[PDB]
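In the authors' numbering, the protein residues as written are 7 to 1469, 1482 to 2059. Don't be surprised by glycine CBs; every beta carbon is placed ideally from N, CA and C.
Shown next, in the form of structure tokens:
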């Protein structure tokens, strides 16, 4: 909940990129990228699309690898083509199998629309529920109607998929057969709609042969237009009746363009276009649905269109829908496969110009066989004899092919093995091993389960087998063939497949890894067999009949099925496989031909070499071989000819095999030669799989690099490593997965790299469901690689070990082994299997093996365990930082269907260990889900905080710890078992038409707190806590924490309803705040009989407990978050909003479409208005409550670029000139904007340069080489349409020759800066001739982080930036000066690792990183982090360093002093004084441990400050070291503080020993209602009424004596009158009566500053008691004097002039950076005289050179490493006299240790010239222990008696002195020892501290601690300054009166009394002296920059004095004394007194 508030965006700052993000997806092991589209949120209900990459993905309309998946529901094809009948299975939108839910029913209508037939509707749900959406299948009983799907989502949405033919993929031959129902429309639960219109495939743009050979290519559907922002609310799906969409009915359109529209940067595309589709080169076809689906299109643009004429009816659209944002997708087009290699966001300005972002470049692994073709001898096969009769095939299913051969009449296999070093990809083969089968027993073409595997996987074909009758029986041997290369229905043939197979098959000769040449047995039935056999209407070639023709199975189309292929000497022909034995009409694949007289089919091999999918065709010559690459199953490219190993001639005795010996998925050439040696050679055409994404560059300073490694190589590593130990691991992954193995992130600006390296093991493959379960073990290793010159302190590699369930128990069970072992840890988790019965979970054991299979399957993918380690040299390197582990629960929701059960998988338990590398003393929390409802919502949850282990014997903590610290880290709050117990109740709306899920109803939290011995086992788990004897059983007690209930409305009636409506409108929220317990805090402050009423008056209400227990009555709640909603026709949009029943509602006025709020009217009627820019739906103009205008403008990308404001000050129009009055075209390049001069009619102007990292080509270089040259450069996307150099393309173009020298050579470093933005900021309005233009430039990095900021400063000395970005330290004067601040260097995880001090530069431009790193005087602090991301070390620029050690129960902080010994006064003193923070098992700091030490050799006192938190988690007690010590001997000592809270954590009662007991009750608005102070005063506050904002109106106070209240404060707030607006007083407290008078507000400015106010004071005799409602009786209590202060400010709000209540005028002047640089004063009547005439600053903004009106100069000196103040010279140039040069010296942490004045003494000290250096010494807590100094001789002993000044006549002297300070253990200064030898005035001041508190008094008042506390009032106010001087105090705790001298017998005392403002400022001081000789009254009135001092007697007014103050005290404030009378003779009038101060002023 939040009250709506209108505001305008801010410009400049960081630079946001495309938003692309690289995703992890650990267990599956793929590289996955997310790239967002420019979709407008519109009204709120909009399409959710992202453009996604995944390395495992094939080709798509978005190129190879990507997709833009829309929600589709489709038939299941995994196990083969669907049959389009009652047996097909359906997949939901996320791919899960769908299962019949309910029994079907008959419906002929839907949402009041008539469907025109009786539909049978069937319920469906996922077999692995997650979202819990519900699906419906609507099937017409009567023909002529189409079937469709509904999805009732769990969030009220309803989706319609596949009703209209435009949104379904069907077989164009028999259109009845539906393959995919695509999302057609959807509607929200509040009346918002979305319609998805696709666009079927056609022949437009295709060439002749494409259309000729691909018939009825209309099946494919492409996404074309998405309509949303419906103009008329409705809960009905659009286009349900069947109508097409009308663009006028919508506000927003998302258009996917596939080439129709123009694609240039000069003109914006048009919503409607006659343009023609583009036909891609890599056209492809898919056949898994039983028919061809052709794809010919590539999406070239994604365009957002707004209906501006409808959003703002003052806009007229001639083109049609207007373009608001554009996304260009440019490809690397190829006939083999197109790849998305360029992505760029673009916007079009109104003037035609375009605004652009840096493009995202992407690069994929290319395939260059010519450069990579090298034959290497297979040295490993020298002992391998066989050359002609052996198969290189993966029999055992390991992912790599082994050696399958026969020798000596036996059969032998040889698995693949790692060659030597683990991690290398080298491969060999292990010692032979006999096959588990015997080929002799087998029949011909027989299925067989090789190597004892359960499943039949291979087919055997040989002469010696039964049934072999080959017509050409020459040179054939027993052969094995994988069943996956043959069609799916080979087992039971049918149709064309059956006719082709005919009688049978003789041989099956693998010619590739997946391609099988076919030979048939002697035919019968068609005995003639003249070549072809006829099947249906297709002629099939009989395999082997024609010896001049190859006949084989091979996926020459790259689609996933074993197609039929014939190869003649002249053409390759393909019959595609349509499943069930169906084969389609033949397609000719042009491009391959051999001379008919030479062609030999035995020389043809089919294998995927390019890895693009389709099989490539290798024809083997004698001295070479030709490689025909496949052009997307559309033909073959020109051959790549490869030579053989020199001197080799391939003949019929040699052998060639195409085998994946690399595991890359591509194939390599395995050559075998008998007569030459070595006999076996190997050619790898690529060592990296091609076409996978491997490079990114956002052209903003980030370069990503991906590297993959085959899962098979990880299998080899796993096998080898697991074979070091004598164990046999089983491979459960029988094929390659190209896993993401390294992600390298390179910051091109900082040079910092970050390499994240991934290992995999325990890969799992399900043979039953033919799915990949994932990798059981995934290892991750982040390694920072910072640039050279950086700090030697890097962050060492961080290692995360993750174990994920696979659902295969043989693996999951054993995963427990690799876990890090802890004999003390709790029992590991086992997955829980339950069945849904009687509305709850019932644990079962899965009955049969099938149930086991499914139950375990559900577990797949869940993170079981994660362990974090730091890989450094620490002695705990092998101990994890953190260890998390998880327990899954699988529930059986339904068992009806016999095939699959319906299961829900959830994580019921989670456990979190924090060891921090300390194996002996971990923290452990654990969350459990005890029960949940049918829809998965939790009903009972338990959060477990475990206790600390009792102190072990083997101390694993470091021995460098302070002594006794570890034992002092133990606390009883650490030894409590804490069980937070949360109950929840929900609302579900479920029927055949409604599904709203997860709606909250009620929540309750209690908490069990148990002794540490109750921790069982082995630990707690779901079962021990669900038991009868559980610790959380219903009979065991528990501390109630709170409860909340959500209150819904129907939108029309107030009374909350029992069951929410589909809209789920939240009326309000009911929250418990009090119970009886917490109410005990008001005992004594609010009488019992009067308590309820009071709470009622404050807004609280009584209500029963939720989930009430026996004996619970009532609690007090607050209702908050009230909303009054509009009608359904208004999209149920909020119209009014109100926080509580105590305040009025604010009213929201929406635009005409209920998209945005255009006006707010608060409960007082103050109006805020917002004009929007409907290109983006962002506010761009604001009319404030004072009817003033604030305007901005936006560029075509939505970024603010200009800000103005104007309005009325003092009833007059002022401000910046509107664009009508004065126009201003903002600059485009930062340089010209910087070269701008005054005036400007803007407050601000932004200029964005995101593309500044891309070098730009010289226009004159464009002229130098132009057009043809440029066109070649541009076509390959080296250059953009604008002169931008694309970094990645250029990179892959330098390493590619034939480019010829790059005359274009500005990528040669030079003019490239990080992304940056400029902000110009005017300080005066445009019609002000002294307007300056402030200039700031901010630099971002490619991740969008702030690097540095430059601010134009007044000319002067500054360092220099070279032409190449080099930093030069030697300073020099310049007129182009910039303060550089914020300079930072990050690593690639965003962590700041170097932070530099500010510095002046002669340029705004960025300084190269290595330049600043290589320079020491570029002072930089280094930061050092741990793998958790916490600072652990900081090495300052001066050398010192701080350090932080994190341990599970305490954190140790060593500061610069504490560590000075490891690298000032005495480093051994501060040795081992760290500050320790000791936590409990709730992360709450329960102890602060310090180590006190005064001398280097003393042993440390241990200071313990103990904090105790109640079981609500609230700070209950705090006790300091000395009372903690005193309490160990007497436990009746009250702690320093004792707090009592409510149930939400608000403090109610504060019992302080120092400040007393304070009680406070707030109202449901959070406002103080009733306070009771420690002295007894009752403060009651009175606010506005329930129809108003609820501002403060009165403050009343009632002492215990006063029997009636006194009204101390009245507030009078302004209204809406046009006069108030004319003075900008709306909503302001115009008349404020306080304790000392009234403050009146007369005029505010456009910047909210006060232009005129006036104070009036009470007559001295009247206490402030504003009673009644008549303001005149109040005004009569005032003194007539009106002190009016009035001022004028600049455009930024800075003060320019101020006029005090006596006409004197201070004037200020600022510089080009907003720093004060001038100060003048004009006394009433006199002329203006300067006070400050010059003032320069340091780069950090600290005062530097100040020249006062007396020509005296002050020069400040700063330590460059730290900016610490080290010098204050004060000199007078008229006589070259150094009046006061103070020099400071600090210790490392910054304590002042020495102050020496290098000036010579003043003329006031006789014969004294030298002033001694002051020295100060501290202890380990930095308490001042010793001090030396100088003092005038005649000072004597110190007290409140001020000395008389020394005069030049007296010839006085000053001596040295030493003071020594003795402090308590609670921080109290107990003793001061002043020793001054020469003077001989040695004394000791003693302070008596109370024994039970920190009240302490001067010894002269008492020496007895037990009597000190009674020297203070109840609230710690000392009521006796000194014995005889009584002190009285306000009712607010402010000093009321000092009785300076008492007098008896009714006489009058000497007294000083004070009057303060309502907010605590002293306004009036009156010193009264009743000395008889002259009864003198001094009166001081404190006013803004003015003091009025008036001294009177009973007879006349002696003195009248005005003290003017120029500056703020402590900063060289200059006072001026002006006398209206009583001026003494010996002082000029209007005296100027310039103050000159020290460090602390």
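{"query": "Residue 631, DSSP secondary structure in three states", "result": "strand"}
{"query": "Among 584, 526, 571, 484, nearest to residue 494 - alpha-carbon criterion", "result": "584"}
{"query": "Beta-carbon gap between residue 1321 and residue 1346 smaller than 7 Å", "result": "yes"}
{"query": "Which residues DSSP lists as bridging residue 716, in chain order", "result": "744"}
{"query": "Residue 846, DSSP secondary structure in three states", "result": "strand"}
{"query": "Boundaries of the alpha helix (DSSP H) in which residue 1030 is found, first to last residue", "result": "1028 to 1031"}
{"query": "Cβ neighbours of residue 41 in the same chain (closer than 6 Å, five flanking residues each side left out)", "result": "26, 57"}
{"query": "Same chain, Cβ closer than 6 Å to residue 1524, neighbours up to 5 away in sequence not counted", "result": "1505, 1537, 1542"}
{"query": "As assigned by DSSP and simplified to three states, the class of residue 1853", "result": "helix"}
{"query": "Exposure label - residue 380; buried when at least 16 CB within 10 Å", "result": "exposed"}
{"query": "Residue ranges of each beta strand (DSSP E) within the region 1115 to 1181, 3 or longer", "result": "1120 to 1126, 1128 to 1131, 1140 to 1144, 1152 to 1156, 1163 to 1167, 1173 to 1179"}
{"query": "Cβ-based burial, residue 1123 [other Cβ within 10 Å; buried from 16]", "result": "buried"}
{"query": "CA-to-CA distance, residue 830 to residue 1023, given in whole angstroms", "result": "10 Å"}
{"query": "Nearest-angstrom Cα separation, counted from residue 1559 out to residue 1125", "result": "19 Å"}
{"query": "Limits of the beta strand (DSSP E) - the one that residue 217 falls within", "result": "Premise fails: residue 217 lies in the alpha helix (DSSP H), 214 to 219, not in any beta strand (DSSP E)."}
{"query": "7 Å Cβ cutoff met for residue 1540 and residue 1883", "result": "yes"}
{"query": "Assigned exposure category for residue 85 - 16 Cβ within 10 Å defines buried", "result": "exposed"}
{"query": "Beta carbon of residue 286 nearer than 7 Å to that of residue 302", "result": "yes"}
{"query": "Segment contact, 8 Å Cβ cut-off, at least three pairs: the region 1948 to 1961 with the region 1971 to 1983", "result": "yes"}
{"query": "Straight-line gap, residue 1479 to residue 643 (C-alpha atoms, nearest Å)", "result": "Within the chain, the sequence of modelled residues goes 1469 then 1482, so residue 1479 has no position in this structure."}
{"query": "Complete beta strand (DSSP E) runs within the region 644 to 689 (minimum length 3 residues, chain order)", "result": "646 to 649, 661 to 665, 674 to 678, 686 to 689"}
{"query": "Residue range of the unbroken alpha helix (DSSP H) whose run includes residue 972", "result": "971 to 974"}
{"query": "Assigned secondary structure, residue 1083 (DSSP; H/G/I helix, E/B strand, else coil)", "result": "helix"}
{"query": "Helix, strand or coil at residue 2061 according to DSSP, with G and I counted as helix", "result": "Past the edges of the chain, shown from 7 to 2059, lies residue 2061, and the structure says nothing about it."}
{"query": "Residue range of the alpha helix (DSSP H) that includes residue 1281", "result": "1274 to 1281"}
{"query": "Identified DSSP bridge partners for residue 1402", "result": "1426"}
{"query": "Proximity below 7 Å, CB of residue 1752 to CB of residue 1773", "result": "no"}
{"query": "Nearest-angstrom Cβ-Cβ length linking residue 226 and residue 207, presumed shorter than 8 Å", "result": "4 Å"}
{"query": "Same chain, Cβ closer than 8 Å to residue 10, five either side skipped, listed in chain order", "result": "1140, 1143, 1152, 1154, 1163, 1166"}
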